[PDB]
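Enquirer: Encoded as C-alpha cells, here's the structure I'll be asking about.
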Amino acid sequence: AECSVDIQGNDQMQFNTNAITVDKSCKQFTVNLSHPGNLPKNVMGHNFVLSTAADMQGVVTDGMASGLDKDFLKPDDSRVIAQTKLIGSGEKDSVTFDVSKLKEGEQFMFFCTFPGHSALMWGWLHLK
Ligand SMILES: [Cu+2]
C-alpha cells in the first residue's frame, strides 16, 4: 500500500538501507533519493541505479568510463531498469518505475555508480 521508499546517501559513502522490498500490489514504485551532508557532487555524488545481479558490475564499469558529465552512467543502457540523476549535498531526485518490470522470485541489485562507491553502496531489491 506504500509504493515508495526514502533512501539517503551521505558523506560516508553509505546508503541508509541495504534492502528494499516492493509490495506486489503496487503498480509503480518510487525511490526518493537525498544527500544529507556537505560534500558537492563532483567528489561525493550519489545516484541510485537498479539492475539485475548479472548486469550490476558491467553498468558500474561502463558508468565509470562515461565520466562525471554523464552522471557516471552509460547513456541508453538497456541494463538499467531504473536510475536517478547524480546528486550532491542538499539535493534530491526521484525515480518511478513499473513494478511489472520486476520478476517474482528474482532479486535485483541497487547501487551507486560514482567511482568506487559500490564498495559499500549496494543493496538488494525484490518483491514481497
Ligand atoms: Cu555514491
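By convention here, the chains of the C-alpha cells are called A, B, ... in the order presented, each chain's residues are numbered starting at 1, and ligands are numbered starting at 1 in the order presented.
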What do you get as an mmCIF file with N, CA and C atoms, in the first residue's frame if you pick all residues at most 7 Å from ligand 1, counting only C-alpha atoms and all ligand atoms?

Expert:
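After the write, selection_4.cif holds the following:
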```cif
data_model
loop_
_atom_site.group_PDB
_atom_site.id
_atom_site.type_symbol
_atom_site.label_atom_id
_atom_site.label_comp_id
_atom_site.auth_asym_id
_atom_site.auth_seq_id
_atom_site.Cartn_x
_atom_site.Cartn_y
_atom_site.Cartn_z
ATOM 1 N N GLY A 9 21.955 8.801 0.746
ATOM 2 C CA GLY A 9 23.392 8.609 0.611
ATOM 3 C C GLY A 9 24.110 9.807 1.219
ATOM 4 N N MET A 13 29.756 7.740 2.242
ATOM 5 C CA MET A 13 29.701 6.794 1.148
ATOM 6 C C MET A 13 28.877 5.554 1.557
ATOM 7 N N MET A 44 31.633 13.651 -4.076
ATOM 8 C CA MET A 44 30.881 12.666 -3.291
ATOM 9 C C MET A 44 29.426 12.645 -3.757
ATOM 10 N N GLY A 45 29.225 12.604 -5.063
ATOM 11 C CA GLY A 45 27.887 12.496 -5.609
ATOM 12 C C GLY A 45 27.379 11.059 -5.468
ATOM 13 N N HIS A 46 26.073 10.904 -5.391
ATOM 14 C CA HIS A 46 25.486 9.572 -5.413
ATOM 15 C C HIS A 46 24.379 9.520 -6.420
ATOM 16 N N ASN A 47 24.166 8.343 -6.982
ATOM 17 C CA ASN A 47 22.922 8.097 -7.668
ATOM 18 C C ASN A 47 22.350 6.779 -7.146
ATOM 19 N N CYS A 112 25.215 2.599 -6.344
ATOM 20 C CA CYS A 112 25.651 3.883 -6.802
ATOM 21 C C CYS A 112 26.828 3.637 -7.756
ATOM 22 N N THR A 113 26.868 4.355 -8.877
ATOM 23 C CA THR A 113 27.939 4.230 -9.891
ATOM 24 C C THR A 113 29.070 5.285 -9.838
ATOM 25 N N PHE A 114 29.038 6.182 -8.854
ATOM 26 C CA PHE A 114 30.155 7.075 -8.631
ATOM 27 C C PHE A 114 31.393 6.186 -8.331
ATOM 28 N N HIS A 117 32.177 3.826 -5.217
ATOM 29 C CA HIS A 117 31.120 3.844 -4.208
ATOM 30 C C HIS A 117 30.408 2.480 -4.018
ATOM 31 N N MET A 121 28.004 0.975 -1.333
ATOM 32 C CA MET A 121 26.685 1.468 -1.717
ATOM 33 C C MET A 121 26.064 0.502 -2.716
#
```

Enquirer: Using only C-alpha atoms, which residues sit within 10 Å of stretch 4-6 of chain A once same-chain residues fewer than 3 positions away are excluded, as an mmCIF file with N, CA, C and O atoms, in the first residue's frame?

Expert:
```
data_model
loop_
_atom_site.group_PDB
_atom_site.id
_atom_site.type_symbol
_atom_site.label_atom_id
_atom_site.label_comp_id
_atom_site.auth_asym_id
_atom_site.auth_seq_id
_atom_site.Cartn_x
_atom_site.Cartn_y
_atom_site.Cartn_z
ATOM 1 N N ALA A 1 0.876 -1.209 0.000
ATOM 2 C CA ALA A 1 0.000 0.000 0.000
ATOM 3 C C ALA A 1 0.893 1.233 0.000
ATOM 4 O O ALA A 1 0.483 2.309 -0.433
ATOM 5 N N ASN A 16 21.379 4.439 3.471
ATOM 6 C CA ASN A 16 20.886 4.174 4.806
ATOM 7 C C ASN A 16 20.014 2.926 4.822
ATOM 8 O O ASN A 16 19.322 2.648 5.809
ATOM 9 N N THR A 17 20.039 2.178 3.721
ATOM 10 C CA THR A 17 19.441 0.858 3.711
ATOM 11 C C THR A 17 20.193 -0.055 2.736
ATOM 12 O O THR A 17 20.780 0.433 1.781
ATOM 13 N N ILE A 20 15.506 -3.411 0.018
ATOM 14 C CA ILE A 20 14.230 -2.784 -0.248
ATOM 15 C C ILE A 20 13.300 -3.856 -0.791
ATOM 16 O O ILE A 20 13.661 -4.560 -1.726
ATOM 17 N N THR A 21 12.114 -3.976 -0.211
ATOM 18 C CA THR A 21 11.137 -4.901 -0.742
ATOM 19 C C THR A 21 9.924 -4.121 -1.252
ATOM 20 O O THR A 21 9.528 -3.114 -0.654
ATOM 21 N N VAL A 22 9.340 -4.609 -2.346
ATOM 22 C CA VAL A 22 8.277 -3.919 -3.033
ATOM 23 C C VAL A 22 6.999 -4.757 -2.923
ATOM 24 O O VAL A 22 6.978 -5.942 -3.255
ATOM 25 N N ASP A 23 5.934 -4.132 -2.432
ATOM 26 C CA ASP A 23 4.632 -4.763 -2.388
ATOM 27 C C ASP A 23 4.195 -5.145 -3.799
ATOM 28 O O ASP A 23 4.167 -4.310 -4.713
ATOM 29 N N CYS A 26 1.591 -3.103 -5.726
ATOM 30 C CA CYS A 26 1.916 -1.795 -6.308
ATOM 31 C C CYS A 26 2.019 -1.886 -7.836
ATOM 32 O O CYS A 26 2.580 -2.831 -8.374
ATOM 33 N N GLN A 28 3.289 0.840 -9.530
ATOM 34 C CA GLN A 28 4.520 1.581 -9.722
ATOM 35 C C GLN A 28 5.205 1.677 -8.385
ATOM 36 O O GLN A 28 4.569 1.537 -7.345
ATOM 37 N N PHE A 29 6.505 1.910 -8.402
ATOM 38 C CA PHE A 29 7.224 2.072 -7.159
ATOM 39 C C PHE A 29 8.170 3.232 -7.329
ATOM 40 O O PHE A 29 8.812 3.351 -8.361
ATOM 41 N N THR A 30 8.257 4.063 -6.298
ATOM 42 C CA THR A 30 9.024 5.292 -6.347
ATOM 43 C C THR A 30 10.173 5.260 -5.354
ATOM 44 O O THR A 30 9.975 4.957 -4.159
ATOM 45 N N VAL A 31 11.369 5.586 -5.837
ATOM 46 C CA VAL A 31 12.524 5.738 -4.952
ATOM 47 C C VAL A 31 12.901 7.224 -4.856
ATOM 48 O O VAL A 31 13.095 7.890 -5.876
ATOM 49 N N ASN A 32 12.931 7.760 -3.638
ATOM 50 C CA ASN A 32 13.262 9.178 -3.442
ATOM 51 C C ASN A 32 14.586 9.329 -2.764
ATOM 52 O O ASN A 32 14.704 9.019 -1.579
ATOM 53 N N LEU A 33 15.577 9.789 -3.516
ATOM 54 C CA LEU A 33 16.947 9.805 -3.034
ATOM 55 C C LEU A 33 17.325 11.205 -2.537
ATOM 56 O O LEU A 33 17.032 12.212 -3.195
ATOM 57 N N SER A 34 18.005 11.280 -1.392
ATOM 58 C CA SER A 34 18.505 12.571 -0.926
ATOM 59 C C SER A 34 19.919 12.414 -0.380
ATOM 60 O O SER A 34 20.373 11.291 -0.143
ATOM 61 N N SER A 94 14.230 11.711 -7.720
ATOM 62 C CA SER A 94 13.398 10.534 -7.556
ATOM 63 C C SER A 94 13.238 9.814 -8.873
ATOM 64 O O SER A 94 13.423 10.381 -9.937
ATOM 65 N N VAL A 95 12.933 8.537 -8.789
ATOM 66 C CA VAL A 95 12.580 7.792 -9.975
ATOM 67 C C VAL A 95 11.382 6.899 -9.665
ATOM 68 O O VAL A 95 11.258 6.346 -8.560
ATOM 69 N N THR A 96 10.491 6.780 -10.636
ATOM 70 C CA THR A 96 9.368 5.857 -10.551
ATOM 71 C C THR A 96 9.484 4.842 -11.669
ATOM 72 O O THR A 96 9.746 5.204 -12.806
#
```

Enquirer: Any idea what's packed within 12 Å of residue A:76, counting only C-alpha atoms, ignoring anything in its chain fewer than 3 positions away? Could you give it as an MDAnalysis selection string?

Expert: chainID A and resid 59 62:63 66 70 73 79:83

Enquirer: Those residues you just picked out, can you put them in a file as an mmCIF file, in the first residue's frame with C-alpha atoms?

Expert:
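Saved as again-v9.cif:
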```
data_model
loop_
_atom_site.group_PDB
_atom_site.id
_atom_site.type_symbol
_atom_site.label_atom_id
_atom_site.label_comp_id
_atom_site.auth_asym_id
_atom_site.auth_seq_id
_atom_site.Cartn_x
_atom_site.Cartn_y
_atom_site.Cartn_z
ATOM 1 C CA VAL A 59 26.874 -0.994 -15.507
ATOM 2 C CA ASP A 62 30.814 1.452 -18.163
ATOM 3 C CA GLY A 63 29.486 4.195 -15.841
ATOM 4 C CA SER A 66 31.304 7.597 -19.010
ATOM 5 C CA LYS A 70 27.073 11.780 -17.893
ATOM 6 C CA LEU A 73 26.146 6.163 -16.355
ATOM 7 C CA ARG A 79 20.622 -2.971 -18.455
ATOM 8 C CA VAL A 80 19.325 -0.200 -16.229
ATOM 9 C CA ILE A 81 15.809 -0.865 -15.003
ATOM 10 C CA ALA A 82 15.675 2.462 -13.225
ATOM 11 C CA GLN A 83 18.023 5.336 -12.364
#
```

Enquirer: To one decimal place in Å, what is the distance between atom CA of residue A:68 and atom CA of residue A:93?

Expert: 16.7 Å

Enquirer: Quick one: of A:10, A:86, A:107, A:119, who's nearest to residue A:48, counting only C-alpha atoms?

Expert: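 Once distances to residue A:48 are computed over only C-alpha atoms, the minimum belongs to A:86.
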
Enquirer: Let me make sure I understand: among A:109, A:99, A:39, A:7, which one has the smallest atom-to-atom distance to residue A:54 if we use only C-alpha atoms?

Expert: A:109

Enquirer: Just to confirm, what's the straight-line distance from atom CA of residue A:2 to atom CA of residue A:120 in Å (one decimal)?

Expert: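 So the answer is 26.5 Å.
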
Enquirer: I need the alpha helix (DSSP H) residues of stretch 5-112 of chain A per DSSP on the backbone, written as an mmCIF file with C-alpha atoms, in the first residue's frame.

Expert:
```cif
data_model
loop_
_atom_site.group_PDB
_atom_site.id
_atom_site.type_symbol
_atom_site.label_atom_id
_atom_site.label_comp_id
_atom_site.auth_asym_id
_atom_site.auth_seq_id
_atom_site.Cartn_x
_atom_site.Cartn_y
_atom_site.Cartn_z
ATOM 1 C CA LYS A 41 28.589 16.059 -6.283
ATOM 2 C CA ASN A 42 31.968 16.191 -8.081
ATOM 3 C CA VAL A 43 33.666 14.490 -5.127
ATOM 4 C CA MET A 44 30.881 12.666 -3.291
ATOM 5 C CA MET A 56 25.456 -4.625 -11.973
ATOM 6 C CA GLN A 57 29.208 -4.855 -12.386
ATOM 7 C CA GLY A 58 29.078 -4.013 -16.119
ATOM 8 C CA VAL A 59 26.874 -0.994 -15.507
ATOM 9 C CA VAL A 60 29.242 0.177 -12.810
ATOM 10 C CA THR A 61 32.291 -0.247 -15.075
ATOM 11 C CA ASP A 62 30.814 1.452 -18.163
ATOM 12 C CA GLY A 63 29.486 4.195 -15.841
ATOM 13 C CA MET A 64 32.970 4.997 -14.555
ATOM 14 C CA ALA A 65 34.152 5.193 -18.160
ATOM 15 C CA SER A 66 31.304 7.597 -19.010
#
```

Enquirer: Would you compute the distance between atom CA of residue A:40 and atom CA of residue A:124? Give it in Å to one decimal.

Expert: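 Separating atom CA of residue A:40 from atom CA of residue A:124 is a distance of 26.6 Å.
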
Enquirer: Contacts of residue A:103 at 8 Å or less, counting only C-alpha atoms, minus same-chain residues fewer than 3 places along, as a list in words?

Expert: residues 100, 106 and 127 of chain A

Enquirer: Please identify which residues in stretch 19-98 of chain A DSSP calls strand (DSSP E) from the backbone, and express them as a PyMOL selection string.

Expert: chain A and resi 19-22+28-34+49-52+82-83+92-98

Enquirer: Atoms to include: C-alpha atoms. Write the selected residues as an mmCIF file, in the first residue's frame.

Expert:
```cif
data_model
loop_
_atom_site.group_PDB
_atom_site.id
_atom_site.type_symbol
_atom_site.label_atom_id
_atom_site.label_comp_id
_atom_site.auth_asym_id
_atom_site.auth_seq_id
_atom_site.Cartn_x
_atom_site.Cartn_y
_atom_site.Cartn_z
ATOM 1 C CA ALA A 19 17.448 -3.981 1.308
ATOM 2 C CA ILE A 20 14.230 -2.784 -0.248
ATOM 3 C CA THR A 21 11.137 -4.901 -0.742
ATOM 4 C CA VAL A 22 8.277 -3.919 -3.033
ATOM 5 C CA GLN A 28 4.520 1.581 -9.722
ATOM 6 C CA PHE A 29 7.224 2.072 -7.159
ATOM 7 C CA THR A 30 9.024 5.292 -6.347
ATOM 8 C CA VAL A 31 12.524 5.738 -4.952
ATOM 9 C CA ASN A 32 13.262 9.178 -3.442
ATOM 10 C CA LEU A 33 16.947 9.805 -3.034
ATOM 11 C CA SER A 34 18.505 12.571 -0.926
ATOM 12 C CA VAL A 49 20.679 2.622 -10.114
ATOM 13 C CA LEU A 50 18.692 -0.621 -10.319
ATOM 14 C CA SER A 51 19.669 -3.681 -12.401
ATOM 15 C CA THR A 52 19.790 -7.480 -12.419
ATOM 16 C CA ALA A 82 15.675 2.462 -13.225
ATOM 17 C CA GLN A 83 18.023 5.336 -12.364
ATOM 18 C CA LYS A 92 17.227 15.200 -4.076
ATOM 19 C CA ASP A 93 15.968 13.246 -7.059
ATOM 20 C CA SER A 94 13.398 10.534 -7.556
ATOM 21 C CA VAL A 95 12.580 7.792 -9.975
ATOM 22 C CA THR A 96 9.368 5.857 -10.551
ATOM 23 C CA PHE A 97 9.283 2.535 -12.352
ATOM 24 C CA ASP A 98 6.688 -0.072 -13.249
#
```
